[PDB]
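Tertiary structure, described
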Amino acid sequence: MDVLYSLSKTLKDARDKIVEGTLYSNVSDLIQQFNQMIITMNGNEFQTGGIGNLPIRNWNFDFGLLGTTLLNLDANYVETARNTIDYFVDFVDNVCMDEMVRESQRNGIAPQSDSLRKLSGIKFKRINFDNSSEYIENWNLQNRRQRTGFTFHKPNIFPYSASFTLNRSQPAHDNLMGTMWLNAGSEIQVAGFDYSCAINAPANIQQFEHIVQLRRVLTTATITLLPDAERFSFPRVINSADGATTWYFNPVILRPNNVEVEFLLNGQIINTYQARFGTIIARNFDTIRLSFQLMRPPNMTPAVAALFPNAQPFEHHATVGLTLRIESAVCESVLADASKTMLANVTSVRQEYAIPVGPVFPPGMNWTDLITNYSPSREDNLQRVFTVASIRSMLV
Amino acid sequence: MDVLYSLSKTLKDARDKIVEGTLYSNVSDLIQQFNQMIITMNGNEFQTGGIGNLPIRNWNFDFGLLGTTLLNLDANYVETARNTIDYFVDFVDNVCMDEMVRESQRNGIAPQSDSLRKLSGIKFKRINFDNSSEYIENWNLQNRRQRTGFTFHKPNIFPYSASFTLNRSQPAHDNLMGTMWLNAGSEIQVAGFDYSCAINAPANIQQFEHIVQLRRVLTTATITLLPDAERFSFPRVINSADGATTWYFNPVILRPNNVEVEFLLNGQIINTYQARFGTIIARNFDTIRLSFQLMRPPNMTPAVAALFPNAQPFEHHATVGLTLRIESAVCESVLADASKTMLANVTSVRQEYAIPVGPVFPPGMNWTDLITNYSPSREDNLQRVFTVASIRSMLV
Amino acid sequence: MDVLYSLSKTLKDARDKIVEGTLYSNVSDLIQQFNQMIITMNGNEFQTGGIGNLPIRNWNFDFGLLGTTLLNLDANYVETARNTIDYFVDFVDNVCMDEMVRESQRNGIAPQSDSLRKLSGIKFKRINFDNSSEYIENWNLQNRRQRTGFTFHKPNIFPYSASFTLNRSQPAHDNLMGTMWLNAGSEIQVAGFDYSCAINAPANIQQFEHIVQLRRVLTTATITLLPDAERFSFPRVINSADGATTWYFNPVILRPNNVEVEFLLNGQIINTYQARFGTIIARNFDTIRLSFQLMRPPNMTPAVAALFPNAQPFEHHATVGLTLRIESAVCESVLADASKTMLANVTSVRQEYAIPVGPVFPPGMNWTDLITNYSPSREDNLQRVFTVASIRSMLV
Amino acid sequence: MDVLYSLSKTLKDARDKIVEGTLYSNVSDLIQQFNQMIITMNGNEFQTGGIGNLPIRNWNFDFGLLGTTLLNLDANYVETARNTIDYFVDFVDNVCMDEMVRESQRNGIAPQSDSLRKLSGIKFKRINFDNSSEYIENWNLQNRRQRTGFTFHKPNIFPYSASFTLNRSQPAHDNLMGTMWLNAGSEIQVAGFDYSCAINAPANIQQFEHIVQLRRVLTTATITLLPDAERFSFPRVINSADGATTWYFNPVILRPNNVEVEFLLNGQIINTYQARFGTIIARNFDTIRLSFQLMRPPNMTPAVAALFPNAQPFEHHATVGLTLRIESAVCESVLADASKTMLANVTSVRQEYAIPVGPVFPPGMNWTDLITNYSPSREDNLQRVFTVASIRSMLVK
Amino acid sequence: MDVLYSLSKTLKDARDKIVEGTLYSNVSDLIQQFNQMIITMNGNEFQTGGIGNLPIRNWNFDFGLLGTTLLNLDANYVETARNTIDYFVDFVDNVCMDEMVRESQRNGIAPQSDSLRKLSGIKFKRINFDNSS
Amino acid sequence: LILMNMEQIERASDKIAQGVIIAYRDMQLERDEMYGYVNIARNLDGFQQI
Ligand SMILES: [Cl-]
Ligand SMILES: [Zn+2]
Ligand SMILES: [Zn+2]
Ligand SMILES: [Zn+2]
Ligand SMILES: [Zn+2]
Ligand SMILES: [Zn+2]
């Protein structure tokens, strides 16, 4: 992996630095690294495999070294470099694609394609040099059982789930008490609805609780908390849990009462926020517990008192919302996020070449299914393919 | 462009690395590059800025070389370097501004300002060195006609458009079937509304379709797909198509049925997602075809059954929604997005100096009008000014 | 700060570059810098402080130099380097943590911890080398009295605020004219609501104005302007200004009229956008003025004509909304944003070690209170701790 | 800036010291400085002035050095020196005027005129010598970001504001309770007026409060506090807040009660003065809170008792004043003040040559507009033009 | 007092006149005065403070003399001088603050702070020069 | 290589010392395995350097 990354990094440096007219002193170290790569690869035969529809490709390396006896690079030098660079970039792209489409339950962290296993041989370790990318840095750290860290803008940590729980229900579905939520990506919208507006609740308070368990621990997370949930504040006709019949929802939004956001690690409260909404920090957590109360307002104007009678029928249902958006976080595991392209690149390569479903990943690399059941083997295979995808995205 | 970028990059390196106390070995290659730049620029006269309120600036270069003999840099060395760097940074900023405010219909990719034309001469190609930025790398690749790639977070590919189509309507606007949508920036919110709730539709199904034709092909795109269009889920009084009258829309949201999101390239299905929500990947497409359905609930509770009568008047209008957000994508063409500042830089420079409207760009660099009619000449001019703005933001 | 950053950058480079098999020429400059660091640190005792629960730690430096005479680095070389690197990383992390948890009112930009004050001595200036990160570059430019700016994706410039102004009201809260708004982070959602729908207004137009005074000037700001406010588009039961009673809000959304968004600096209009939605560019401003009008629709279909009677009771309240999202901007000062972890890192370190409240920051480093009262002393302390947090992030 | 200041300083020293009959030992160092200036400037072309009506002036330097063999200065020596000095003073005047009429949004502290930009080059740094003026000293401290200090006699820290607040009012405007204030320059005159004289107040006390927020922090401020406000102590006919009608103010002055001056920094109490009048010291503050009570006097002689009835109509309205004068203060930013001429010089040059409105300063250098919105970019540009104005004043004035 | 004033005036002249690029002849007399101050102050221990909340501060002088150049001062010279100048300015400010907060019914004109009392010793009279304010 | 090892090579010489501290206070002679009692300074901490 570090050798594949080193090939890609050398090729990117050569593309950026070996330009017409440039001082040779600008490229001397890059030229030495490039010539070392050429010497190491020369004489080695590689086969990028024919899994799925990915075509079998054979790679042969007999390339001359780049010259070292110029003061400024000229057009001849750039063209000589660029032919070799093109061949090497093609080879690295095909190796990366071959690795991305492969998985195993046993050693998913280990290389799977024949070319990458060959590149793991000691006779290629000379190619290895500056491992500065976040993905390769974390790869090296995890190879050594060291504390890893990935920074994610809007991490896709929540599997998509648009669900509801009814804590008070009946066949008519007209005096309902419960919660509905969309947990998607980095966003949790939750809303507790009481159709009776807690007329008969003790103290005229209805308590709603929403616990979301993250499949990995998040650290140093900046989160936006907002009082209302705009996704559950308009009238809807919602199917019943069995799907037999459809019930009606006609929310009127009250501000939530005694909002308590707990961020918990192993069930221990690490962070606690009470009645604070703007922008909060959860330093280390794997569970979010949102407690929020519908409080029937003690004093009402006549219209509000009209909305909420003493008994059924209830036509205006008192809903209290909550929005939780993880803007940025740090995770010890790879994750999809709104800014990167590793998941998209891996999925695109697997789709374009009709890679059959394997033992490890769900079909189509579906992220909801993947992150719902983020097993250790899935984590190893995902980190491997994501590191390979980043290596590929350095050149492609 | 490569020379302007090399000047800017050399100056940024000099600002960051020529610091008091630093080992000369940290700067040796940079000092060589800087001295080469000084030698090349010495004895050359430049003029920048004669368009709009951009002032006329004359530039003369007669500077001494930086020393090579120190072991660690001291205050004298840093001061001499800083004076030269200040002059050069001012010159580069003015050249970038002079290029950013000019456009051409014929050869808009080629340099427009006199200074960049002078810098395109062979006698300046020695300045050229490491071209590592994504924008200059794409510029060089586009020069050789290699496949370019710009990564965007929340690409602004959709021109702003809030419109609606009525497939069934009458002058009183009380039995309406149709679609309303907002295509803005990176988001598509589309809602199909039937006022009869598909009482008389065949099989009690109303089909809604929405086609968005992207002006450029997108690859490796990460898409959030959510069932509901919250933007079209509240009571609304809407102007009629000719604006002669207003009509009422009292939505009640049902979940969409048989959701099929197709991503098409050249009218062929590249990606297709059937009832899939959360994160999906569109590997290569220029069109998005969202087809959904309002399916009248076969079973209703008394409240739901009351919402939807057998005939007019229809007071609750059955609406199905869809929200599609492009988080990240790759495009072969420059585009505005949420994280970069190229468009903002170019617009700000053109507004500060009162640049008259030109034959290429719309007035004020209006992005909606620009991406609506994204012609090849507009694309070439925009890539030029965006590359210049990225070069400028390295220093300014 | 420059010295602490240089230490961290040296260690990060050593971790990324001192890898088995690599050519010594790839790392030669780094090895020279590393040996310079060792020479400058050898023989010095440091104490990282006991503030809060952060333990007192003593640091000693008697390390040997790394070798320079191999053609390729080997496993022995990597192990020897790693031993020294681990100690230096621990020391730098502790210095960063000690500096992050301290504040001063008189001179908040100057170092606060004893270790960082010792490292500002001239005897350590030899460690200083490439200052290339955005935060350290801004730090140096600001020490040089040079114009520098931080780039923010979704800057958290707006203190959280959900409030309303009632320009027409009565104790029964049934003929209300006013504005509702949420300013949160980088987002503004405003809505003018008239219960009489401007039945008895001059020209049947109701004017709404909303001014947001930014605590710092923003430049080259990309902004999305959308013509509705989904946060204030559904029925709500809202406390009164004193909380004595609760009133009822029953929006029906009309298109806002004469929408004029002004971006102002020093009370002067810099940018003006009339009836423009989608992407706009605010080049330089400290205030946002949003003017909009609820225009009574001159023609109404019977369904619409019913909703707005000539007199009370008013059941459907005509609301017109605007939404303003700052996607990207540039600020002279430091700010929290959706991408960067500086605030989260500082808050996490302050929470983990039970750092008491100081005379500068609000308790818990709460961002709303901080940005509300962004004083110069707060700004200085906050830039200091944010730069230190970034330096720590390079290694931790 | 340091080079322009050094040029002007050398020229002023030459004008003051190169005088007939003086010992050469009185001027040897000055002669060396003057000759270094001549050597550095020789062979350099400068252009000043292409904005507004400021003419384009071209400057060429080919001068001989002043001699060094004399033991006493004679008339011919002084005349040749004066010729060179006059040319240099004309040049420095023009460079200063060219710099003063320019502004920048980005780097307002940096030079804007081309001549000062050229003078910023390394070759000219040899001219630099004693930087002892307060403005150039503050300039050098600010370049290194050391704590600056500007001493202002009567700082112009308050924008002009003459307004009133009504806490109790009604359309007839005959039972009014409120405050009126003039904040102008270095002065705050405030007055709380109750028309009923706190007859029906809770214990016959009417509390008045006035908050003034300074746009810059002041330190080491000598402040006079006088109990009365002569500005709001005579009959007035005042517009209404909407301007629809006019109300009447017939004040009768009572001594203010429980007078409390508070000087605060970042919303924290720094100085508190209770019942203290005359000279007080506010060591470091950005806000002034004046709180003062109208106390209805329990015992009244018959004329006083006739002034204030039990109920309306109220003809004589009980008013309590306060006058606050900042005599001298220190500010870390430049400011207009009563003794200096920097603002007046900058404005005079800008008006004399019809300098168009720029993107930084108000439409004509109005101090009220500037101080009301004293932004950092404005502060940088103002400090630059004020330092240039002082450099010019060393020679032109 | 004369000595404290002379230290402060020497420091002010050093700040104003020891500037990058200036002729050494502009500063020669000032450099001699400054080096004489360094010689007189070196090896002497001073204590300031210990009244109210004024902190106790200890001052030690172990500085080198300012060098000489052929023609003009350079940036290195200015930074080296500014280190010493900054320490001395800190010391003088602290001595002045220590004296300003003290008073005496008897001999109120005489120095009251320990540092100024030490500075009134004969050894420091060498520092004394132009008393022009 | 020479520049990084210069100090070590110079300090290995038996005929040059790296300096001398004149401290007019009475300092105990150090006990060093190479000398017995020796007025050897390990460093220069606490003294002005000429
Ligand atoms: Cl985002
Ligand atoms: Zn149910
Ligand atoms: Zn984002
Ligand atoms: Zn219609
Ligand atoms: Zn109210
Ligand atoms: Zn009135």
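So, how was this worked out
Residues numbered from 1 in each chain as written, not as in the entry; some residues may be left out. Chains lettered and ligands numbered in written order. Part of a larger assembly, values for the part shown. Heavy atoms only, no water. Contact = heavy atoms within 4.5 Å. Buried area = accessible area lost by both parts, 1.4 Å probe. Salt bridge = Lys/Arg side-chain N within 4 Å of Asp/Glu carboxyl O. Polar contact = N/O pair within 3.5 Å; in protein donor to acceptor, adjacent residues only side chain to side chain. Helix = DSSP H or I, 4+ residues; strand = E, 2+ residues; numbered from the N terminus. Buried < 20%, exposed > 50% of the residue type's maximum accessible area, 1.4 Å probe, protein only. Least-squares fit on C-alpha atoms. Donors = N, O, S within 2.8 Å, 3.2 Å for Na, K, Ca; no water. Axes fitted to C-alpha atoms, helices over the stretch in contact; angles between N-to-C directions. Left-handed = near helix turned anticlockwise from the far one by under 90°. Nonpolar A, V, L, I, M, F, W, Y, C, P; charged D, E, K, R; others polar.

The record names cryo-EM as the way this model was obtained, at a resolution of 2.36 Å.

Listed as interface residues are 51 residues of chain B and, on the opposing side, 51 residues of chain C. If you sort the residues of chain B by the area they bury against chain C, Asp16, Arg231 and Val237 of chain B come out on top, with a joint share of 13%. The partner of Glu20 of chain B in a salt bridge is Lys125 of chain C, and the shortest N-O contact between them spans 2.7 Å. If you look at where chain B meets chain C, you find 20 residue pairs in polar contact. Among the elements of the structure, α1 (2–17), α3 (75–100), β5 (177–185), β8 (236–239), β9 (246–249), α7 (342–352) and α8 (367–372) of chain B are those that each provide at least two residues to the side of chain B that touches chain C.

Attention now goes to unusual backbone geometry. Here the bond from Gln312 of chain A into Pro313 of chain A is cis, since omega is 5°, no more than 30 degrees from zero. Tracing the backbone shows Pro313 of chain A in the loop between α6 (302–307) and β14 (317–331). Its identity as a non-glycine residue notwithstanding, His173 of chain C has a phi of 50°, on the positive side. Residue position: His173 of chain C is located in the loop between β4 (158–168) and β5 (177–185). At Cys197 of chain D, a residue that is not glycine, the phi angle is positive and equals roughly 60°. Mapped onto the fold, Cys197 of chain D is located in the loop between β6 (187–194) and β7 (205–226). Residue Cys197 of chain D is classed as buried on the basis of its relative accessible area of 0%.

Least-squares fitting of chain B to chain C yields an RMSD of 0.3 Å, with the transformation described by 0.1 Å of translation along the axis and a rotation of 119°. Taken together, the rotation and translation relating the two chain copies correspond to the operation of a three-fold axis. Looking at the rotation axis and the C-alpha trace of chain B, the residue lying nearest is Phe234 of chain B, at 3.7 Å.

In a perfect tetrahedron of four donors around a metal, the angles come out at 109.5 degrees. In a perfect octahedron of six, they are 90 or 180 degrees. Only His153 of chain A (NE2), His153 of chain B (NE2) and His153 of chain C (NE2) from the protein reach the zinc ion (ligand 3) as donors, at distances of 2.0 Å. With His153 of chain A in strand β3 (residues 150–153) and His153 of chain B in strand β3 (residues 150–153), the pair connects residues from two separate chains. Side by side, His153 of chain A and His153 of chain B carry an identical accessibility label, which is buried.

Residues and elements named next belong to chain A. Relative to each other, helix α5 (residues 134–143) and helix α9 (residues 376–395) sit at 145°, their axes nearing to 9 Å. In this structure, α5 meets α9 at a crossing whose hand is left-handed. Contact residues: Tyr135, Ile136, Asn138, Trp139 and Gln142 in α5; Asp380, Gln383, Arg384, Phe386, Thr387 and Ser390 in α9. Taken together, the residues that form the contact of α5 with α9 break down as four nonpolar, five polar and two charged.

Next up on the list: the pattern of salt bridges. This model, assessed by the stated rule, comprises 82 salt bridges over all chains. Here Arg325 of chain A makes a salt bridge to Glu187 of chain A, at a shortest N to O gap of 3.9 Å. Taken as a pair, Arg325 of chain A in strand β14 and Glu187 of chain A in strand β6 (residues 187–194) lie far apart in primary sequence, 138 residues in all. Under the relative-accessibility criterion, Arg325 of chain A is labelled partly exposed at 33%. When the shortest N-O distance is used, the salt bridge between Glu262 of chain D and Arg289 of chain D registers 3.5 Å. Of the two residues, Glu262 of chain D sits in strand β11 (residues 257–264) while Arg289 of chain D sits in strand β13 (residues 278–295), which places them 27 residues apart along the sequence. Exposure remark for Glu262 of chain D: the relative accessible area of 14% places this residue in the buried category.

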